[PDB]
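work_12.txt (compact mmCIF, C-alpha atoms)
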# COMPACT_ATOMS: atom_id res chain seq x y z
CA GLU N 1 -149.85 -28.68 95.73
CA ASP N 2 -150.53 -25.67 93.47
CA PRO N 3 -148.10 -22.68 93.92
CA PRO N 4 -147.98 -19.77 91.37
CA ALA N 5 -146.10 -17.11 93.40
CA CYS N 6 -142.69 -15.39 93.24
CA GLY N 7 -139.36 -16.74 94.42
CA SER N 8 -139.99 -20.35 93.31
CA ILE N 9 -140.64 -20.93 97.02
CA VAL N 10 -140.95 -24.52 98.25
CA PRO N 11 -144.42 -24.75 99.91
CA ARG N 12 -144.96 -25.97 103.47
CA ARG N 13 -146.46 -29.16 102.05
CA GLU N 14 -143.67 -29.85 99.53
CA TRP N 15 -141.25 -30.05 102.50
CA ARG N 16 -143.71 -32.14 104.57
CA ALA N 17 -144.30 -29.45 107.20
CA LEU N 18 -146.52 -29.81 110.24
CA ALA N 19 -149.37 -27.29 110.26
CA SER N 20 -148.91 -23.93 111.99
CA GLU N 21 -150.97 -23.07 115.07
CA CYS N 22 -149.82 -19.46 114.97
CA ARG N 23 -152.45 -16.71 115.08
CA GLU N 24 -150.65 -13.43 115.81
CA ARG N 25 -150.09 -11.51 112.58
CA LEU N 26 -147.77 -8.76 111.36
CA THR N 27 -148.99 -5.22 110.72
CA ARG N 28 -147.84 -4.68 107.11
CA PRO N 29 -146.00 -3.28 105.26
CA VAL N 30 -143.13 -4.51 107.44
CA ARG N 31 -139.97 -2.37 107.60
CA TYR N 32 -137.36 -4.71 109.03
CA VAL N 33 -135.90 -7.95 107.67
CA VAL N 34 -133.72 -10.02 110.00
CA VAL N 35 -131.08 -12.38 108.58
CA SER N 36 -130.13 -15.40 110.65
CA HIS N 37 -128.62 -18.84 110.36
CA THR N 38 -130.16 -22.02 111.80
CA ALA N 39 -126.75 -22.84 113.29
CA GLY N 40 -127.94 -26.26 112.14
CA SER N 41 -126.91 -28.84 109.56
CA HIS N 42 -126.08 -27.38 106.14
CA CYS N 43 -127.83 -28.78 103.06
CA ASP N 44 -126.82 -28.44 99.39
CA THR N 45 -129.72 -30.20 97.60
CA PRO N 46 -133.55 -29.89 97.79
CA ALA N 47 -133.94 -33.43 99.13
CA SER N 48 -131.48 -32.68 101.94
CA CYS N 49 -132.84 -29.14 102.48
CA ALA N 50 -136.51 -30.13 102.72
CA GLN N 51 -135.56 -32.71 105.35
CA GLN N 52 -133.49 -29.99 107.04
CA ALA N 53 -136.49 -27.65 107.02
CA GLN N 54 -138.47 -30.44 108.70
CA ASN N 55 -135.72 -30.83 111.30
CA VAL N 56 -135.70 -27.14 112.27
CA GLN N 57 -139.51 -27.05 112.57
CA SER N 58 -139.73 -30.32 114.53
CA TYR N 59 -137.26 -28.97 117.10
CA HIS N 60 -139.16 -25.68 117.49
CA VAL N 61 -142.52 -27.46 117.73
CA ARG N 62 -141.93 -30.79 119.47
CA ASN N 63 -139.13 -29.50 121.68
CA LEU N 64 -139.57 -25.73 122.21
CA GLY N 65 -143.39 -25.96 122.20
CA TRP N 66 -143.69 -23.32 119.45
CA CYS N 67 -146.77 -23.05 117.19
CA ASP N 68 -144.55 -23.51 114.07
CA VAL N 69 -140.96 -23.20 112.88
CA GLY N 70 -139.81 -19.78 114.06
CA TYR N 71 -138.56 -18.28 110.80
CA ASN N 72 -140.77 -16.42 108.33
CA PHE N 73 -138.65 -18.09 105.61
CA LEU N 74 -135.70 -20.49 105.23
CA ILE N 75 -132.99 -20.38 102.55
CA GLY N 76 -131.10 -23.53 101.51
CA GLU N 77 -127.70 -24.01 99.85
CA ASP N 78 -129.77 -25.75 97.17
CA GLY N 79 -130.57 -22.13 96.21
CA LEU N 80 -134.31 -22.51 96.98
CA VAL N 81 -136.41 -20.58 99.52
CA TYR N 82 -138.47 -22.53 102.08
CA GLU N 83 -141.77 -21.20 103.36
CA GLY N 84 -142.18 -21.15 107.12
CA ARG N 85 -144.62 -18.73 108.74
CA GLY N 86 -144.70 -16.58 105.59
CA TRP N 87 -145.51 -12.91 105.12
CA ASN N 88 -148.39 -12.39 107.55
CA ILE N 89 -147.72 -14.41 110.72
CA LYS N 90 -145.52 -12.93 113.45
CA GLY N 91 -142.30 -14.93 113.59
CA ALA N 92 -140.17 -16.00 116.54
CA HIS N 93 -136.57 -15.32 115.56
CA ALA N 94 -135.43 -11.95 116.97
CA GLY N 95 -136.94 -11.73 120.47
CA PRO N 96 -139.97 -9.63 121.50
CA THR N 97 -138.73 -6.20 120.32
CA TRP N 98 -137.96 -7.28 116.76
CA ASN N 99 -140.31 -10.25 116.21
CA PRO N 100 -143.46 -8.14 115.55
CA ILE N 101 -141.92 -5.33 113.47
CA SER N 102 -139.78 -7.48 111.15
CA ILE N 103 -139.57 -10.51 108.91
CA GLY N 104 -136.95 -13.14 109.64
CA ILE N 105 -135.12 -15.17 107.03
CA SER N 106 -132.72 -17.94 108.01
CA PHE N 107 -129.89 -19.51 106.06
CA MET N 108 -129.84 -23.25 106.73
CA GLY N 109 -126.40 -23.96 108.21
CA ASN N 110 -123.67 -22.33 110.33
CA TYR N 111 -121.80 -19.56 108.49
CA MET N 112 -119.26 -18.60 111.14
CA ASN N 113 -116.43 -20.14 109.11
CA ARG N 114 -118.43 -20.93 105.97
CA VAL N 115 -119.91 -18.67 103.32
CA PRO N 116 -123.22 -19.55 101.55
CA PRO N 117 -123.34 -19.92 97.73
CA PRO N 118 -124.41 -17.09 95.34
CA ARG N 119 -127.62 -18.98 94.51
CA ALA N 120 -128.71 -18.88 98.15
CA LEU N 121 -127.74 -15.20 98.28
CA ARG N 122 -129.80 -14.57 95.12
CA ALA N 123 -132.77 -16.62 96.37
CA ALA N 124 -132.70 -14.27 99.37
CA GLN N 125 -132.44 -10.91 97.59
CA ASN N 126 -135.15 -12.16 95.19
CA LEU N 127 -137.29 -13.10 98.19
CA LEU N 128 -137.11 -9.50 99.46
CA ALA N 129 -138.18 -7.88 96.19
CA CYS N 130 -141.08 -10.35 95.89
CA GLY N 131 -142.14 -9.18 99.36
CA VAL N 132 -142.11 -5.49 98.39
CA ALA N 133 -144.05 -6.46 95.27
CA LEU N 134 -146.73 -8.10 97.42
CA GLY N 135 -146.52 -5.10 99.79
CA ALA N 136 -145.49 -7.50 102.58
CA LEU N 137 -142.29 -5.47 102.70
CA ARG N 138 -142.11 -1.69 102.76
CA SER N 139 -140.42 -0.44 99.58
CA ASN N 140 -137.65 1.17 101.64
CA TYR N 141 -137.26 -1.94 103.81
CA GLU N 142 -134.15 -2.29 105.97
CA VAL N 143 -132.01 -5.39 106.57
CA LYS N 144 -130.43 -6.28 109.92
CA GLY N 145 -128.08 -9.03 111.06
CA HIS N 146 -129.53 -11.19 113.85
CA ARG N 147 -126.60 -9.95 115.95
CA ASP N 148 -127.59 -6.29 115.36
CA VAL N 149 -130.84 -6.90 117.27
CA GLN N 150 -129.85 -9.63 119.76
CA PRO N 151 -126.60 -10.85 121.41
CA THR N 152 -125.93 -13.87 119.20
CA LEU N 153 -123.31 -15.07 116.71
CA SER N 154 -126.09 -15.58 114.14
CA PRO N 155 -125.93 -15.34 111.20
CA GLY N 156 -122.21 -16.21 111.33
CA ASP N 157 -119.12 -14.03 110.79
CA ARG N 158 -118.77 -14.92 107.09
CA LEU N 159 -122.47 -14.55 106.21
CA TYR N 160 -122.67 -11.33 108.25
CA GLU N 161 -119.92 -9.66 106.19
CA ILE N 162 -121.81 -10.54 102.97
CA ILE N 163 -125.04 -8.83 104.04
CA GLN N 164 -123.32 -5.63 105.20
CA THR N 165 -122.64 -4.93 101.51
CA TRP N 166 -126.33 -5.11 100.55
CA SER N 167 -127.89 -1.85 99.38
CA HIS N 168 -130.77 -2.26 101.84
CA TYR N 169 -128.57 -3.15 104.85
CA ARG N 170 -128.59 -0.91 107.96
CA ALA N 171 -126.48 -1.61 111.08
CA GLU G 1 -129.75 3.64 85.90
CA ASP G 2 -132.72 1.28 85.33
CA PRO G 3 -133.97 -0.05 88.74
CA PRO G 4 -133.50 -3.59 90.16
CA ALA G 5 -133.79 -6.96 88.43
CA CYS G 6 -136.30 -9.81 88.65
CA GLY G 7 -136.20 -13.53 89.24
CA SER G 8 -133.45 -15.89 90.28
CA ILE G 9 -131.38 -17.30 87.43
CA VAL G 10 -128.08 -19.17 87.51
CA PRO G 11 -125.86 -16.83 85.38
CA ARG G 12 -123.79 -18.25 82.50
CA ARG G 13 -120.49 -17.64 84.33
CA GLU G 14 -121.75 -19.76 87.24
CA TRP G 15 -122.61 -22.92 85.23
CA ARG G 16 -119.19 -22.62 83.55
CA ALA G 17 -120.64 -21.60 80.18
CA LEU G 18 -118.58 -21.02 77.07
CA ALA G 19 -118.93 -17.45 75.77
CA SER G 20 -121.73 -16.66 73.31
CA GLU G 21 -120.98 -15.94 69.63
CA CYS G 22 -124.58 -14.78 69.05
CA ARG G 23 -125.40 -11.24 67.79
CA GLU G 24 -128.97 -11.53 66.43
CA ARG G 25 -131.37 -9.71 68.77
CA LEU G 26 -135.06 -10.18 69.53
CA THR G 27 -137.61 -7.36 69.27
CA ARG G 28 -138.89 -6.31 72.68
CA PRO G 29 -141.41 -7.11 73.88
CA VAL G 30 -141.66 -10.69 72.65
CA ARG G 31 -145.11 -12.10 72.01
CA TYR G 32 -144.40 -15.83 72.28
CA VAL G 33 -142.77 -18.50 74.48
CA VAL G 34 -141.99 -22.04 73.31
CA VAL G 35 -141.48 -24.86 75.82
CA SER G 36 -139.25 -27.80 74.98
CA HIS G 37 -137.31 -30.55 76.68
CA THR G 38 -133.70 -31.57 76.05
CA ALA G 39 -134.73 -35.22 75.72
CA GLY G 40 -131.51 -35.65 77.71
CA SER G 41 -130.26 -36.70 81.15
CA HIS G 42 -131.94 -35.01 84.11
CA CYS G 43 -130.31 -33.55 87.21
CA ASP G 44 -131.74 -32.77 90.66
CA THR G 45 -128.80 -30.87 92.17
CA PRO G 46 -127.27 -27.42 91.49
CA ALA G 47 -124.04 -29.34 90.88
CA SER G 48 -125.32 -31.91 88.37
CA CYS G 49 -127.58 -29.39 86.63
CA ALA G 50 -124.79 -26.87 86.08
CA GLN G 51 -123.00 -29.75 84.34
CA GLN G 52 -126.02 -30.68 82.21
CA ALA G 53 -126.39 -27.09 80.95
CA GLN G 54 -122.70 -27.32 79.99
CA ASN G 55 -123.40 -30.59 78.16
CA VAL G 56 -126.36 -29.16 76.27
CA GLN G 57 -124.53 -25.94 75.42
CA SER G 58 -121.57 -28.11 74.40
CA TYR G 59 -123.52 -30.37 72.04
CA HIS G 60 -125.22 -27.32 70.48
CA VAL G 61 -121.98 -25.41 69.99
CA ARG G 62 -119.48 -28.18 69.29
CA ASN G 63 -121.62 -30.69 67.40
CA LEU G 64 -124.24 -28.42 65.82
CA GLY G 65 -121.96 -25.39 65.47
CA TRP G 66 -124.55 -23.01 66.89
CA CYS G 67 -123.36 -19.68 68.27
CA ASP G 68 -124.49 -20.73 71.76
CA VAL G 69 -126.81 -23.14 73.50
CA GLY G 70 -130.02 -22.90 71.51
CA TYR G 71 -132.48 -22.14 74.30
CA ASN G 72 -132.87 -18.69 75.88
CA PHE G 73 -133.20 -20.38 79.30
CA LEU G 74 -132.96 -23.91 80.74
CA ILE G 75 -134.76 -25.48 83.71
CA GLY G 76 -133.18 -27.97 86.12
CA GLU G 77 -135.07 -30.52 88.20
CA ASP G 78 -132.94 -28.91 90.93
CA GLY G 79 -135.54 -26.09 90.75
CA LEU G 80 -133.19 -23.51 89.21
CA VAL G 81 -133.30 -21.48 86.02
CA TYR G 82 -130.09 -21.66 83.97
CA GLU G 83 -129.26 -18.75 81.69
CA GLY G 84 -128.74 -19.31 77.98
CA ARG G 85 -129.14 -16.62 75.34
CA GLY G 86 -131.32 -14.73 77.84
CA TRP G 87 -133.98 -12.20 76.95
CA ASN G 88 -132.47 -10.05 74.24
CA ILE G 89 -130.95 -12.58 71.82
CA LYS G 90 -132.73 -14.77 69.26
CA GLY G 91 -132.12 -18.50 69.77
CA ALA G 92 -132.10 -21.88 68.01
CA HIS G 93 -134.83 -24.15 69.31
CA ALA G 94 -138.06 -23.82 67.25
CA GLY G 95 -136.89 -23.25 63.66
CA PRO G 96 -136.83 -20.13 61.43
CA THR G 97 -140.54 -19.25 61.55
CA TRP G 98 -140.54 -19.16 65.35
CA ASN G 99 -136.94 -18.46 66.44
CA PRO G 100 -137.18 -14.69 65.62
CA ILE G 101 -140.36 -13.92 67.61
CA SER G 102 -140.20 -16.23 70.63
CA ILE G 103 -138.38 -17.11 73.85
CA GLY G 104 -137.51 -20.82 74.03
CA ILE G 105 -137.55 -22.55 77.44
CA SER G 106 -136.23 -26.11 77.62
CA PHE G 107 -136.48 -28.43 80.61
CA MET G 108 -133.30 -30.44 81.17
CA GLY G 109 -134.46 -34.06 80.86
CA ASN G 110 -136.96 -36.20 78.92
CA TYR G 111 -140.56 -35.65 80.05
CA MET G 112 -142.17 -38.36 77.91
CA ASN G 113 -142.67 -40.81 80.80
CA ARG G 114 -141.40 -38.86 83.83
CA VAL G 115 -143.07 -35.68 85.05
CA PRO G 116 -141.17 -32.53 86.07
CA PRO G 117 -141.22 -31.81 89.82
CA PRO G 118 -143.23 -28.72 90.96
CA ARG G 119 -140.07 -26.73 91.79
CA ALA G 120 -139.24 -26.93 88.08
CA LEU G 121 -142.73 -25.88 87.05
CA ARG G 122 -142.51 -23.06 89.60
CA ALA G 123 -139.21 -21.75 88.27
CA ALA G 124 -140.33 -21.69 84.62
CA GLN G 125 -143.62 -20.00 85.51
CA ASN G 126 -141.84 -17.41 87.67
CA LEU G 127 -139.24 -16.71 85.00
CA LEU G 128 -142.05 -15.82 82.59
CA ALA G 129 -143.52 -13.19 84.91
CA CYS G 130 -139.99 -11.80 85.27
CA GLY G 131 -139.92 -11.46 81.49
CA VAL G 132 -143.15 -9.49 81.76
CA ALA G 133 -141.85 -7.42 84.68
CA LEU G 134 -138.71 -6.54 82.71
CA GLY G 135 -140.68 -5.83 79.52
CA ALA G 136 -138.93 -8.67 77.68
CA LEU G 137 -142.26 -10.48 77.28
CA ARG G 138 -145.66 -8.91 76.59
CA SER G 139 -148.20 -8.82 79.42
CA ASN G 140 -150.48 -10.78 77.05
CA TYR G 141 -147.68 -13.18 76.11
CA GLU G 142 -148.43 -16.69 74.87
CA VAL G 143 -146.92 -20.03 75.75
CA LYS G 144 -146.64 -22.70 73.06
CA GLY G 145 -145.55 -26.32 73.12
CA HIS G 146 -142.56 -27.21 70.94
CA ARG G 147 -144.81 -29.83 69.31
CA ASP G 148 -147.29 -27.04 68.53
CA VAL G 149 -144.91 -25.31 66.11
CA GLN G 150 -142.74 -28.18 64.84
CA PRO G 151 -143.11 -31.95 64.26
CA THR G 152 -141.64 -33.13 67.55
CA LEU G 153 -142.45 -35.08 70.69
CA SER G 154 -140.78 -32.22 72.55
CA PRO G 155 -141.38 -31.10 75.20
CA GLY G 156 -142.63 -34.63 75.95
CA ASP G 157 -146.17 -35.88 76.53
CA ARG G 158 -146.24 -35.69 80.32
CA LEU G 159 -144.80 -32.17 80.26
CA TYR G 160 -146.86 -31.25 77.20
CA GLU G 161 -150.01 -32.32 79.04
CA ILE G 162 -149.00 -30.11 81.99
CA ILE G 163 -148.10 -26.96 80.09
CA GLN G 164 -151.51 -27.05 78.40
CA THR G 165 -153.03 -26.23 81.79
CA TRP G 166 -151.18 -22.90 82.04
CA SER G 167 -153.01 -19.57 81.86
CA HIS G 168 -151.01 -18.23 78.90
CA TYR G 169 -151.08 -21.44 76.83
CA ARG G 170 -152.74 -21.16 73.40
CA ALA G 171 -152.70 -24.32 71.24
What does this structure look like when you write it as structure tokens?
Amino acid sequence: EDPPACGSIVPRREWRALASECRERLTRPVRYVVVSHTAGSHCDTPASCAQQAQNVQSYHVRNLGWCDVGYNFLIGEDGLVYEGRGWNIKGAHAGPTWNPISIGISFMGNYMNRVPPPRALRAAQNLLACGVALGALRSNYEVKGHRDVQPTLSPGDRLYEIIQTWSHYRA
Amino acid sequence: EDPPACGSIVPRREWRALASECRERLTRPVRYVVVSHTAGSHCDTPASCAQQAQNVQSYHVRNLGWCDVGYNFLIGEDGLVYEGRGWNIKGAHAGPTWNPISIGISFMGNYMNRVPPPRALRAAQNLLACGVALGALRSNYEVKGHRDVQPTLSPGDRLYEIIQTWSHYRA
């Protein structure tokens, strides 16, 4: 209802989220940031992307039995960031090694043969700064591709080549 | 050499902006911020908003013969900031008293009957703290309504009513 934080981040409630049940929390400041893709439906507007946020959560919650959507945060091709578990709650995105020691951000869509727009890329890099600001992220935080931590195609071939160029990226 | 940026803003190049002919600079840091509306057509998509910025810039340049779009920054219902004159360049939005000592933020639309969606309000508010971060605005900056410093409905009653509630607003 009332958000005055960085990253013009769409709040759980603005995208009609179901409430988290998650309790495990991250020991801050976190060092690792894991970039993924939903491998789900792409969305270019905030109407579409809020619905799409709902869809990802619903599947993780109703279907996979999870306490909440698995991603710390979700990025839409509308250029907005979507709050999931947020800065404090341990995510479920990178398996047991990398879930507790990292934050996971997920681009909404499959980027194997697509590239995401600059706005979405910005929204992401902005998100990371905002996290270091709030001391959620270590100043010298490191960025990993989902596929650098787990055997997956996530975050997609095209998106993966983008993030290799980032100053904070480590393979 | 200066370290990394703040905020997420749709650059001029990206919303297909004509080049600026403006040379007059503002004196950093800037004490004031004036909030207007376009009293124009609104847009809830990155795609339609990028067009509306064009249309506003266009009218300002082509019909009014201004050096650029008047406002330093524009806000889309899409939840994105759209770059105008930016931080360092005096603008054309609040007349000669106010134009030399203020940043002018317009919301793309007409907020007389409609309200702006929270993603808009979030963007604007975040932008302002970026200004502070960067040292473009003063830490003790001050937000003003357009109607507060000229005889205008702008930024519109609904929006006016809202911006009054902000922490930095001084009638």
Within 9 Å of chain G, which residues of chain N show up when using all atoms listed in the file, listed as an MDAnalysis selection string?
chainID N and resid 1:10 14 44:47 78:80 118:119 122:123 125:126 129:130
Padding of 6 Å on every side, edges along x, y and z, all listed atoms of segment 5-11 of chain G included: what centre and edge lengths in Å, to one decimal, does that box have, as JSON?
{"center_x": -131.1, "center_y": -13.1, "center_z": 87.8, "size_x": 22.4, "size_y": 24.2, "size_z": 16.9}
Can you find the residues with an atom no farther than 10 Å from (-145.5, -25.7, 72.6), counting only C-alpha atoms, and report them as a PyMOL selection string?
chain G and resi 32-36+94+104-105+142-150+152+154-156+160+163-164+169-171
Which residue gives the smallest distance to residue 107 of chain G among G:20, G:53, G:64, G:133, with only C-alpha atoms counted?
G:53
Cα RMSD of chain G after least-squares fit onto chain N, all atoms paired in order:
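Fitting chain G to chain N over paired C-alpha atoms yields 2.2 Å.
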Can segment 6-26 of chain N be brought up to N, CA, C and O atoms and written out as a PDB file, keeping the file's coordinate frame?
ATOM      1  N   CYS N   6    -144.074 -15.759  93.520  1.00  0.00           N
ATOM      2  CA  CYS N   6    -142.690 -15.390  93.240  1.00  0.00           C
ATOM      3  C   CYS N   6    -141.729 -16.300  93.995  1.00  0.00           C
ATOM      4  O   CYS N   6    -142.131 -17.082  94.853  1.00  0.00           O
ATOM      5  N   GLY N   7    -140.450 -16.199  93.623  1.00  0.00           N
ATOM      6  CA  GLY N   7    -139.360 -16.740  94.420  1.00  0.00           C
ATOM      7  C   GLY N   7    -139.236 -18.256  94.342  1.00  0.00           C
ATOM      8  O   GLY N   7    -138.476 -18.827  95.124  1.00  0.00           O
ATOM      9  N   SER N   8    -139.962 -18.899  93.409  1.00  0.00           N
ATOM     10  CA  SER N   8    -139.990 -20.350  93.310  1.00  0.00           C
ATOM     11  C   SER N   8    -139.817 -20.964  94.707  1.00  0.00           C
ATOM     12  O   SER N   8    -138.876 -21.722  94.961  1.00  0.00           O
ATOM     13  N   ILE N   9    -140.741 -20.601  95.608  1.00  0.00           N
ATOM     14  CA  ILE N   9    -140.640 -20.930  97.020  1.00  0.00           C
ATOM     15  C   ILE N   9    -141.266 -22.301  97.265  1.00  0.00           C
ATOM     16  O   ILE N   9    -142.392 -22.557  96.831  1.00  0.00           O
ATOM     17  N   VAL N  10    -140.517 -23.166  97.968  1.00  0.00           N
ATOM     18  CA  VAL N  10    -140.950 -24.520  98.250  1.00  0.00           C
ATOM     19  C   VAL N  10    -142.062 -24.445  99.292  1.00  0.00           C
ATOM     20  O   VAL N  10    -141.835 -23.920 100.378  1.00  0.00           O
ATOM     21  N   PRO N  11    -143.293 -24.930  98.995  1.00  0.00           N
ATOM     22  CA  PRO N  11    -144.420 -24.750  99.910  1.00  0.00           C
ATOM     23  C   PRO N  11    -144.301 -25.633 101.151  1.00  0.00           C
ATOM     24  O   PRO N  11    -143.619 -26.660 101.131  1.00  0.00           O
ATOM     25  N   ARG N  12    -144.971 -25.211 102.230  1.00  0.00           N
ATOM     26  CA  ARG N  12    -144.960 -25.970 103.470  1.00  0.00           C
ATOM     27  C   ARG N  12    -145.077 -27.449 103.139  1.00  0.00           C
ATOM     28  O   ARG N  12    -144.246 -28.249 103.570  1.00  0.00           O
ATOM     29  N   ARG N  13    -146.084 -27.778 102.318  1.00  0.00           N
ATOM     30  CA  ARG N  13    -146.460 -29.160 102.050  1.00  0.00           C
ATOM     31  C   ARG N  13    -145.373 -29.890 101.269  1.00  0.00           C
ATOM     32  O   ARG N  13    -145.166 -31.071 101.516  1.00  0.00           O
ATOM     33  N   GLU N  14    -144.702 -29.205 100.330  1.00  0.00           N
ATOM     34  CA  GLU N  14    -143.670 -29.850  99.530  1.00  0.00           C
ATOM     35  C   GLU N  14    -142.538 -30.320 100.445  1.00  0.00           C
ATOM     36  O   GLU N  14    -141.909 -31.335 100.145  1.00  0.00           O
ATOM     37  N   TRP N  15    -142.283 -29.612 101.562  1.00  0.00           N
ATOM     38  CA  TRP N  15    -141.250 -30.050 102.500  1.00  0.00           C
ATOM     39  C   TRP N  15    -141.836 -30.748 103.731  1.00  0.00           C
ATOM     40  O   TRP N  15    -141.133 -30.922 104.721  1.00  0.00           O
ATOM     41  N   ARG N  16    -143.095 -31.203 103.633  1.00  0.00           N
ATOM     42  CA  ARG N  16    -143.710 -32.140 104.570  1.00  0.00           C
ATOM     43  C   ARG N  16    -143.949 -31.512 105.943  1.00  0.00           C
ATOM     44  O   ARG N  16    -143.969 -32.209 106.955  1.00  0.00           O
ATOM     45  N   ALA N  17    -144.188 -30.197 105.967  1.00  0.00           N
ATOM     46  CA  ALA N  17    -144.300 -29.450 107.200  1.00  0.00           C
ATOM     47  C   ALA N  17    -145.507 -29.915 108.007  1.00  0.00           C
ATOM     48  O   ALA N  17    -146.486 -30.406 107.449  1.00  0.00           O
ATOM     49  N   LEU N  18    -145.394 -29.751 109.326  1.00  0.00           N
ATOM     50  CA  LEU N  18    -146.520 -29.810 110.240  1.00  0.00           C
ATOM     51  C   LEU N  18    -147.243 -28.474 110.148  1.00  0.00           C
ATOM     52  O   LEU N  18    -146.628 -27.464 109.808  1.00  0.00           O
ATOM     53  N   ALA N  19    -148.548 -28.478 110.436  1.00  0.00           N
ATOM     54  CA  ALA N  19    -149.370 -27.290 110.260  1.00  0.00           C
ATOM     55  C   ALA N  19    -149.045 -26.281 111.357  1.00  0.00           C
ATOM     56  O   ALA N  19    -148.756 -26.665 112.486  1.00  0.00           O
ATOM     57  N   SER N  20    -149.074 -24.990 111.008  1.00  0.00           N
ATOM     58  CA  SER N  20    -148.910 -23.930 111.990  1.00  0.00           C
ATOM     59  C   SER N  20    -150.108 -23.922 112.929  1.00  0.00           C
ATOM     60  O   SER N  20    -151.183 -24.387 112.565  1.00  0.00           O
ATOM     61  N   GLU N  21    -149.896 -23.393 114.137  1.00  0.00           N
ATOM     62  CA  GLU N  21    -150.970 -23.070 115.070  1.00  0.00           C
ATOM     63  C   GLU N  21    -150.936 -21.577 115.358  1.00  0.00           C
ATOM     64  O   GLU N  21    -151.646 -21.101 116.242  1.00  0.00           O
ATOM     65  N   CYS N  22    -150.102 -20.838 114.617  1.00  0.00           N
ATOM     66  CA  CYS N  22    -149.820 -19.460 114.970  1.00  0.00           C
ATOM     67  C   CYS N  22    -150.990 -18.599 114.514  1.00  0.00           C
ATOM     68  O   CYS N  22    -151.630 -18.917 113.517  1.00  0.00           O
ATOM     69  N   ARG N  23    -151.264 -17.531 115.274  1.00  0.00           N
ATOM     70  CA  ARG N  23    -152.450 -16.710 115.080  1.00  0.00           C
ATOM     71  C   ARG N  23    -152.073 -15.231 115.010  1.00  0.00           C
ATOM     72  O   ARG N  23    -152.652 -14.489 114.219  1.00  0.00           O
ATOM     73  N   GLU N  24    -151.133 -14.798 115.858  1.00  0.00           N
ATOM     74  CA  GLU N  24    -150.650 -13.430 115.810  1.00  0.00           C
ATOM     75  C   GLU N  24    -150.145 -13.117 114.402  1.00  0.00           C
ATOM     76  O   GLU N  24    -149.501 -13.955 113.767  1.00  0.00           O
ATOM     77  N   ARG N  25    -150.434 -11.896 113.936  1.00  0.00           N
ATOM     78  CA  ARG N  25    -150.090 -11.510 112.580  1.00  0.00           C
ATOM     79  C   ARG N  25    -149.340 -10.181 112.595  1.00  0.00           C
ATOM     80  O   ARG N  25    -149.449  -9.404 113.541  1.00  0.00           O
ATOM     81  N   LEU N  26    -148.590  -9.950 111.513  1.00  0.00           N
ATOM     82  CA  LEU N  26    -147.770  -8.760 111.360  1.00  0.00           C
ATOM     83  C   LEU N  26    -148.620  -7.641 110.773  1.00  0.00           C
ATOM     84  O   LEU N  26    -149.424  -7.891 109.875  1.00  0.00           O
TER      85      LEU N  26
END
